[PDB]
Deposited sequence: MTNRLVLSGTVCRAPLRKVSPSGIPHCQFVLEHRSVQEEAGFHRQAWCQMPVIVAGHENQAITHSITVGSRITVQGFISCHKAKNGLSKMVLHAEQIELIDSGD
């Protein structure tokens, strides 16, 4: 299983490219901040998560995303060298 569901405020606006083969993709950064319960106590959770939205079907929604937009992204995490990226599969606005 590889499923991350993460809500946050967009802190870098989408940058958009099309691969040579014609695959559209845009990248932005998603800032999450919340209070989470852990072992009966509350702790602040925070992350700036890079998000990639690849493929034709999810591009239209990304044009409503700007810095300040509140969204939830559901997808899978991928790590390179150690930088992480959330690869979006569903995006919910507000």
property	result
Ranges missing from the model, given as deposited sequence positions	1, 83 to 87, 101 to 104
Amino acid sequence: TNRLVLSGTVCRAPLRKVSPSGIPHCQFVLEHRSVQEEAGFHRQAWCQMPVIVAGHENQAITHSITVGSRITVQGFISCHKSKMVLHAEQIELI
From here on, numbers count along this sequence of modelled residues.
property	result
29 to 37 versus 64 to 72 - which carries the larger mean C-alpha B factor in the record	64 to 72
Position of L4 among the chain's modelled residues by C-alpha B-factor, lowest, middle or highest third	lowest
Cα B factor band for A88 (lowest, middle or highest third within the chain)	lowest
